[PDB]
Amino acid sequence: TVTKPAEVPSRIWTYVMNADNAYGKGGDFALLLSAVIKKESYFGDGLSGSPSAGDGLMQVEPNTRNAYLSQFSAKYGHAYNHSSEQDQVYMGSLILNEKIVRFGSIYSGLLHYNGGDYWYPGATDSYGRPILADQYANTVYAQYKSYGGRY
């Protein structure tokens, strides 16, 4: 059985569970999306001061959001609204789920979520920061496991 980790705030859990339902994941994707958002934005409390603050809860970069708009709209029935927190989480979900499916694993989905499909040790993000996509996937997967992930 799955349950909200006590550290995850109510409003976030609602958002990821809605994402989880849109994928039929039995509550398990919700746990992985919780781990992702904690690392990415600290639920929103870890955004301010960073140059990528404006990219929201799952930290999807502007050019990445642009690439997935029509896909977002098909999956969820409305045009992506970056001001909607629920949409931000819906957008990160769709992309993460697309990588997990495409590459065949959670770990690999996580690595290429943070680094893109062509990440190499040393590559930089849209802000020019180093992307440590291996470390990201290790510690996000550990987190997902602690929260009860089964897969």
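Residues carry their position along the shown sequence, with the first being 1.
Relative to one another, 119-127 and 102-110 have unequal mean CA B-factors, and 119-127 is the one with the higher figure.
For the set 62, 56, 27, 92, the PDB entry puts the maximum C-alpha B factor at 27. In this PDB entry, residue 40 carries a Cα temperature factor that places it within the middle third of its chain's modelled residues.
Annotation for residue 83: C-alpha temperature factor in the lowest third relative to the rest of the modelled chain, per the entry. In this PDB entry, residue 19 carries a Cα temperature factor that places it within the lowest third of its chain's modelled residues. Among the modelled residues of the chain, residue 52 sits in the middle third by CA temperature factor in this PDB entry.
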